[PDB]
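Labels for the chains are A, B, C and D, by order of writing; each one numbers its residues from 1.
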Amino acid sequence: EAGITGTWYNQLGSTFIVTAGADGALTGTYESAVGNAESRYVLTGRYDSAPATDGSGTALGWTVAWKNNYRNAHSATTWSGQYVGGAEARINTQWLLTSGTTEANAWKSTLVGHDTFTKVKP
Amino acid sequence: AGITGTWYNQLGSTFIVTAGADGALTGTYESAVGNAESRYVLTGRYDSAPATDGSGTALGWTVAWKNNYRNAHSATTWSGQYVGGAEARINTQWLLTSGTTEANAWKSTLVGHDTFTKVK
Amino acid sequence: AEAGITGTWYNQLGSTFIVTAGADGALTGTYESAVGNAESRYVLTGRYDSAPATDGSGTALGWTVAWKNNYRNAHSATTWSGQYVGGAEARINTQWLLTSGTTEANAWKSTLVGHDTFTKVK
Amino acid sequence: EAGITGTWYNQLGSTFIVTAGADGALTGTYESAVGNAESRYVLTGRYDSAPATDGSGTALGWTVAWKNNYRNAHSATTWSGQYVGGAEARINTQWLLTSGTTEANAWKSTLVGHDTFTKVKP
């Protein structure tokens, strides 16, 4: 909720800096430790601003297009996942990284993986 | 943009989007299926300087399935590419994550693929 | 059993899937890809629901190819997970995961994801 | 032939018992700790029987159809991933669980997740 805003780090050492707005907006920057990336990229996404009463995770997702002032990878990643708060707060995601490709190469356009974000660098 | 406009997928969902000069996607999504009614806000990003060698334009966007009427406690992200020209298409794969208790997290996420066209 | 599975199938990429469905759930056959790091036929094995529902629902199944044969070794494996539907427009509708062997540093980009639809003609 | 051969457990406590044959076969049983499943199910799959020698993992995949003598969930899972040997040996996977569905429900036929296996008995 409010618990989402701030800096998060994944298992690769990437840095996810986000603000969760009152009704569901996510805005911030992403800096990847790997791949065809340097410095920060804009991200935007959405989260459930009124998660379930049973303490289920807070669903959210966000997108990075891998273009910034320094570099353009011609690709975009979406992370889809859920935030869980508490002493071991986490954002558990799966992601789809699509590169722009010709139609013939479209079958190999999309990588899939999973990132776990924590409040401390692993 | 190119990307800007009203799109429909194979399910009959409606994707109304505007592509900004800064790489932003903004608009609304209305799903023909699932735990959804009416329009939901979406935001996303696209490559605003794509390759000129015939490649598609990479993009993605998110919907959290809460609006003024309903809350599914879930979010879909679509990742894909825009292919322009006479019969422009957006081809995607998506991940739908539901918020879940710890016991149910293994089954939190559905995966699929949606193809969008501007044909009503 | 689901006798409708056994035979030759073709996907939208021009690949050929030749399979035998055993009475109690075995899939065995060969796969020839029209794309990627692949030449000639590769062994496949998998499983299917040999007593599917009779309400018109599909028959769940999946199979694996490791991309090594007598000609070539791509150091990768693909699994297709999907469902068979019979009738006049019989199809096997799948999603797949193609994992390459990688070093630990490159494991984040080990897996491609996509979808293939197999039909009895094309 | 085999590092891969053995009894493995994932983060859910599920048990994967596998034999890796000299030419690329995987056979064994799977018991899920979760879902519409009880006791053991047959699996088959394939792995790269001549992996790279540069420190890369060994690609593999396998399928379970969730029908056995006790229960039938009309579903199948495939795991695609790689085996990383040494200490601590691990098989890192992503999986697709497809249920047989009507055409109207096919959009929600397939779950996706990731399982990591080790030889450590919970």
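Heads up, the rule we're going with is that a contact is a pair of C-beta atoms (placed from the backbone, for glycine too) under 8 Å apart; a residue touches a chain by one contact, two chains touch by 3 or more.
Engineer: Expressed in ° and rounded to a multiple of 5, what is the rotation angle of the C-alpha superposition of chain A on chain D?
Structural biologist: So the angle, rounded to a multiple of 5, is 180 degrees.
Engineer: Counting only C-alpha atoms to place each centre, which chain is farthest from chain C?
Structural biologist: Between chain C and every other chain, the largest centroid distance is to A.
Engineer: Take the average of all CA coordinates in chain C, do the same for chain D, and state the distance between these two points in whole angstrom.
Structural biologist: Distance between chain centres: 16 Å.
Engineer: So the centre of each chain is just the mean of its C-alpha atoms; given that, what is the distance between chain A and chain D in Å?
Structural biologist: Between these chains, centre-to-centre, one finds 27 Å.
Engineer: Per the centroid of Cα atoms for each chain, what is the distance between chain B and chain D, given in Å?
Structural biologist: 31
Engineer: Check each residue of chain D and list the ones that touch at least two other chains.
Structural biologist: In chain D, 94, 96, 109-110, 112-113 touch at least two other chains.
Engineer: Throw together a list of every chain pair that touches.
Structural biologist: A-B, A-C, A-D, B-C, B-D, C-D
Engineer: Taking the complex as given, what residues does chain C use to touch chain A?
Structural biologist: It is residues 13, 35-36, 97, 108-109, 111-114 of chain C that touch chain A.
Engineer: Inside the complex, what are the residues of chain B that reach chain A?
Structural biologist: My answer: residues 22-25, 41-51, 53-66, 71, 73-81, 83, 91-102, 104-105, 108-109.
Engineer: Which of the residues in chain A end up touching chain D in this complex?
Structural biologist: 94, 112-114
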